[PDB]
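Chain residues, written in single-letter form:
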Amino acid sequence: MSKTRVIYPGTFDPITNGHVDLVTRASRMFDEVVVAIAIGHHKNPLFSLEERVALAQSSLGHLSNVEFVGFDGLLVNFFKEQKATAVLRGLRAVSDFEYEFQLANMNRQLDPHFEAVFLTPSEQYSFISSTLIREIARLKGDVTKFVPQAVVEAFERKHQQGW
Ligand SMILES: O=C1O[C@H]([C@@H](O)CO)C(O)=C1O
Ligand SMILES: O=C1O[C@H]([C@@H](O)CO)C(O)=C1O
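Residues numbered from 1 in each chain as written, not as in the entry; some residues may be left out. Chains lettered and ligands numbered in written order. Heavy atoms only, no water.

## Examining the packing of aromatic side chains
Counted by the stated rule, this structure contains six aromatic pairs. Arranged with centres 5.1 Å apart and planes meeting at 65°, the rings of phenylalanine 47 and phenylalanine 155 form a pair that is edge-to-face. Placement of the pair is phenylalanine 47 in the loop between β2 (32–38) and α2 (49–60) and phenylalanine 155 in helix α6 (residues 149–160), with a sequence separation of 108 residues. Judged by relative accessible area, which is 7%, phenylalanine 155 ranks as buried. Look at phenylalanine 79 and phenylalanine 114: their rings are 5.1 Å apart centre to centre, the planes differ by 50°, and that puts the pair in the tilted class. Pair noted here: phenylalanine 79 is in helix α3 (residues 75–82) and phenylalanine 114 is in the loop between α4 (94–110) and β5 (116–119), with a separation of 35 residues, a long-range link. The pair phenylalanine 79 / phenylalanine 114 is uniform in exposure class, with both members buried. (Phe/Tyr/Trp six-rings, centres within 6.5 Å; stacked < 30°, edge-to-face > 60°. Helix = DSSP H or I, 4+ residues; strand = E, 2+ residues; numbered from the N terminus. Buried < 20%, exposed > 50% of the residue type's maximum accessible area, 1.4 Å probe, protein only.)

## Some remarks on the UniProt feature "binding site: L-ascorbate 1" (unreviewed entry) in the chain
Under the UniProt annotation, "binding site: L-ascorbate 1" (unreviewed entry) lies at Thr11, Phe12, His19 and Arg92. In the annotation above, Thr11, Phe12, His19 and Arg92 are the residues that line the largest pocket. Turning to its location among the elements, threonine 11 is positioned in the loop between β1 (5–10) and α1 (17–27). Classification of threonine 11 by relative accessible area gives partly exposed; the value is 45%. In this view, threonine 11 contacts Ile37, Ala38 and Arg52; residues no more than four positions away in its chain are not counted. Mapped onto the secondary structure, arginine 92 falls in the loop between β4 (86–90) and α4. Once you skip the residues sitting within four places of it in the chain, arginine 92 turns out to touch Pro121, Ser126, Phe127, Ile128 and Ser129. (UniProt positions renumbered as here; feature names shortened; annotations may be inferred. 1 Å grid on protein atoms, 1.4 Å probe; cavity = no way out; pocket = protein on both sides within 12 Å on 5 of 7 lines; lining within 4 Å. Contact = heavy atoms within 4.5 Å.)

Structure follows, in structure tokens:
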């Protein structure tokens, strides 16, 4: 009867209906969920940390047991700092599965308390990824069906400006 705390790390660049499904599913099984948004210094997220957090808070803030935090560094250092029970990840495809298996084993070797649990997407989100959504929006496609409305607007406002 100890409290459970799971971290869902990601770039969330941007958040999609698939991530929303995962976090909702997880919020029913664990006491606390942390949506952990990897800053990506030596990477190049299209959306800033502030935009990514706001887009996440706008789709998931209605769930009382969900928190939103930016992080960088080693996922296992964040894991220790957060006092987490586990990391959560979604597995969409075979390449996801192989990479995630390797990472779980590497993290367990860096921290023996480390744990990773996985969810499988509902089939209505199995074909949605952040990368593909970026590609369609860039080419002026409609992403309304795959992402929350606030993300649709954020793509319009990214066009409107230039950064
Ligand atoms: O959170 C993430 O979003 C995508 C993927 O989860 C979407 O399928 C990605 O590269 C992450 O780290
Ligand atoms: O925040 C929102 O949730 C749905 C979206 O998840 C379905 O694409 C929608 O359109 C919003 O206004």
